[PDB]
Undergrad: 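What follows is a structure written as structure tokens; I'll ask about it next.
In what follows, every heavy atom counts, from backbone to side chain, and hydrogens, waters and symmetry copies are set aside. All chains are named by letter (A, B, ...) in the order of the sequence lines, taking the proteins before the strands, and each is independently numbered beginning at 1.
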Amino acid sequence: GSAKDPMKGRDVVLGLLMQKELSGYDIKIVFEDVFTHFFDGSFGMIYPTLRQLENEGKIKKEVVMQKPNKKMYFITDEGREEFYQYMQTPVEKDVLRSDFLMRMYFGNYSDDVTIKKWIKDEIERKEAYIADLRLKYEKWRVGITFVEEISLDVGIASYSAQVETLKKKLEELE
Amino acid sequence: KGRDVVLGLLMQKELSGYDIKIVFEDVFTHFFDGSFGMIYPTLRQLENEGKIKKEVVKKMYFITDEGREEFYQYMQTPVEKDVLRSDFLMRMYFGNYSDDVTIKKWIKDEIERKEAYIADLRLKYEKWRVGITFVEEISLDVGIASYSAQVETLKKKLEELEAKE
């Protein structure tokens, strides 16, 4: 990461910890399963972010004893406060980096074979994400509510529309 | 990867900084995360390395053979996965910690925002249509399709939420 890391990255972690304590392992998997689709870019910064939040007193790492001991992170009231402050801020515009759309933009410097391949790869990718995501929300959000389901359904709506569009562009090319 | 984007823009023909900015602001804002202001120092860097040349024609930038070779090498690399950050979807994901009034407003705001993006792209298409190529139009159409589906899904969500209350 870098000096330009968004501070909002911290609220991804605090928000996750709002429901219950989680191990590092579990935070990483939720990130890969769910947040890669709508708050990506920050995966490698999970432990650095956890360590910083602990250093500031926003979370605490505890040995839960019972069975095998498990180290888990718990949010503190100071972290709750930072999370709730985040939630009252203005909603930031989407930020997207799509290498694929830029390749299409510069497509006139490629060739038809290569463009066709890239499109087919992109279709296959988005199709896989669609399939993955549903099952991952049932794993991570047992007790999923109407508002939580919006993130899923918007994502699937958007991916599916991208897939449909690309299939049509492919038809036209072939 | 600001470098490659600038060099790609200069492949067709030479451009002023103002020209490059317009492309960033009108096209790339929807699928590139670097702003023109952030990218601007790369012009001097590419100059210093001899990948582009600057002349006082207003200052125009011309790509060199060496810049062309860099760009072609970029086009050969594997395509990196999309990287999306959507504060809106995160608010929804953490929506159990908000309230109905706030959530409804967030959804109406997002519907308006995305409708505005679609209207702006449709306005730009009427501006671009004669020249736009098949491959340049893929970006445009994927964008419209994506935002349109988001708008239609969100309208259904708002209606259902309003029917709950």
Side-chain angles (χ1 to χ4, degrees), chain A residues 1 5-59 61 63-64 66 68-87 89-92 94-96 129 132-156, chain B residues 82-99 102-103 106-107 110:
Chain A
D5 284 350
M7 288 295 290
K8 213 156 274 180
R10 296 158 57 101
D11 308 300
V12 176
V13 172
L14 294 168
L16 280 177
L17 295 175
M18 287 289 297
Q19 180 156 297
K20 82 195 156 295
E21 65 273 16
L22 292 170
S23 63
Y25 179 64
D26 275 354
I27 292 170
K28 281 173 64 175
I29 309 275
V30 192
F31 251 89
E32 303 169 349
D33 281 352
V34 168
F35 291 86
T36 185
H37 296 287
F38 68 79
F39 222 89
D40 196 27
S42 175
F43 178 80
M45 286 304 294
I46 290 175
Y47 282 115
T49 301
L50 288 164
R51 168 46 47 68
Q52 183 55 38
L53 290 169
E54 294 175 69
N55 284 177
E56 297 177 22
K58 304 310 202 237
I59 70 179
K61 188 174 156 220
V63 183
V64 189
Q66 169 152 15
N69 294 354
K70 190 168 154 183
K71 298 196 192 75
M72 295 178 88
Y73 298 91
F74 288 74
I75 200 172
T76 64
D77 283 1
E78 295 294 331
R80 296 191 170 86
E81 193 66 28
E82 179 171 346
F83 179 68
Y84 278 111
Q85 284 177 356
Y86 149 70
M87 292 290 283
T89 58
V91 172
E92 191 176 352
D94 288 354
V95 175
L96 175 72
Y129 299 157
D132 208 47
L133 204 46
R134 336 190 91 142
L135 274 189
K136 299 311 194 194
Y137 270 69
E138 298 177 340
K139 176 177 181 193
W140 289 111
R141 301 276 68 214
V142 322
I144 194 169
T145 65
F146 170 88
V147 57
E148 294 176 321
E149 178 86 20
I150 301 173
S151 63
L152 174 59
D153 292 1
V154 174
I156 294 187
Chain B
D82 275 4
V83 185
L84 174 63
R85 317 196 327 252
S86 176
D87 191 11
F88 172 79
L89 290 173
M90 172 135 284
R91 305 296 177 116
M92 296 303 93
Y93 192 85
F94 295 134
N96 292 346
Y97 298 102
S98 190
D99 57 46
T102 304
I103 290 163
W106 286 336
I107 297 164
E110 180 76 347

Undergrad: Would you indicate whether the side-chain heavy atoms of A:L22 and A:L16 approach each other to under 4.5 Å?
TA: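 When only atoms from C-beta onward are counted, A:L22 and A:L16 do touch, with a gap below 4.5 Å.
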Undergrad: Is the shortest side-chain heavy-atom distance between B:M92 and A:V154 below 4.5 Å?
TA: no
Undergrad: So is A:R10 actually on top of A:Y86's ring, under 6.0 Å and inside 45° of the axis?
TA: no
Undergrad: Could you tell me which non-hydrogen atom of A:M87 sits nearest to which non-hydrogen atom of B:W106, and how far apart they are?
TA: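 Result for this residue pair: O-CZ2, 3.2 Å.
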Undergrad: Taking the side chain as every heavy atom from C-beta outward, state whether A:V64 and A:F74 have any pair of such atoms under 4.5 Å apart.
TA: yes
Undergrad: Run the ring pair (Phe, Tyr, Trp, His ring centres under 6.0 Å) test on A:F35 and A:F31 for me, step by step, so that the C-alpha distance in whole Å, both residues' side-chain angles and the decisive distance to 0.1 Å come before the verdict.
TA: CA-CA 5 Å; A:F35 291 86; A:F31 251 89; 5.4 Å; yes
Undergrad: Tell me the closest heavy-atom pair linking A:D40 and B:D82, and the distance in Å.
TA: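 Looks like OD2-O, 3.7 Å.
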Undergrad: Do A:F83 and A:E78 have side chains that approach each other closer than 4.5 Å (heavy atoms only, starting at C-beta)?
TA: no
Undergrad: Does the side chain of A:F43 reach to within under 4.5 Å of the side chain of A:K28, using non-hydrogen atoms?
TA: yes
Undergrad: Would you sort out whether A:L53 and A:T49 count as a side-chain contact (heavy atoms from CB on, under 4.5 Å), showing the intermediate values?
TA: CA-CA 6 Å; A:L53 290 169; A:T49 301; 3.8 Å; yes
Undergrad: Would the distance check show the side chain of B:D99 and the main-chain N or O of B:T102 forming a donor-acceptor pair, the cut-off being under 3.5 Å?
TA: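 Yes; judged by distance alone, with no hydrogens or angles, the pair exists.
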Undergrad: Going by atom types only, do A:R141 and A:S151 share a side-chain donor-acceptor pair under 3.5 Å?
TA: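 No - no donor-acceptor pair under 3.5 Å links their side chains.
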Undergrad: Does any N or O in the side chain of A:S42 come within less than 3.5 Å of the main-chain N or O of A:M45, such that one atom is a donor and the other an acceptor?
TA: no
Undergrad: Hey, are the side chains of A:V12 and B:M90 touching, using non-hydrogen atoms and a 4.5 Å cut-off?
TA: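 A:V12 reaches B:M90 side chain to side chain.
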Undergrad: If you look at every heavy atom in A:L17 and A:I75, which pair is closest and at what distance?
TA: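 Distance-wise, the nearest heavy atoms are O-CG2, 3.8 Å.
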Undergrad: Within the structure provided, determine whether B:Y93 and A:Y137 are in side-chain contact (heavy-atom separation under 4.5 Å).
TA: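 Yes. Closest side-chain heavy atoms under 4.5 Å.
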Undergrad: Strictly distance-based, threshold 3.5 Å: is any side-chain N or O of A:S23 a donor or acceptor partner for the main-chain N or O of A:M72?
TA: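 Answer holds: no.
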Undergrad: One pair to check against side-chain contact (heavy atoms from CB on, under 4.5 Å): A:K139 and A:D33. What are the steps and the verdict?
TA: CA-CA 10 Å; A:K139 176 177 181 193; A:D33 281 352; 4.2 Å; yes
Undergrad: Of the non-hydrogen atoms in A:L133 and A:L152, which two are nearest, and what is the gap between them?
TA: CG-CD1, 3.7 Å
Undergrad: Decide yes or no for A:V95 and B:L84: does some side-chain heavy atom of the first lie under 4.5 Å from some side-chain heavy atom of the second?
TA: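 A side-chain contact under 4.5 Å is absent here.
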Undergrad: Name the orientation class of the two ring planes belonging to A:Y129 and A:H37 (parallel below 30°, tilted from 30 to 60°, perpendicular beyond 60°).
TA: perpendicular
Undergrad: Starting from the C-alpha separation in whole Å, work towards a yes-or-no answer on side-chain contact (heavy atoms from CB on, under 4.5 Å) for A:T89 and B:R91.
TA: CA-CA 10 Å; A:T89 58; B:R91 305 296 177 116; 3.0 Å; yes
Undergrad: Decide yes or no on side-chain contact (heavy atoms from CB on, under 4.5 Å) for A:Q19 and B:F94, but give the supporting numbers first.
TA: CA-CA 10 Å; A:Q19 180 156 297; B:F94 295 134; over 6 Å; no
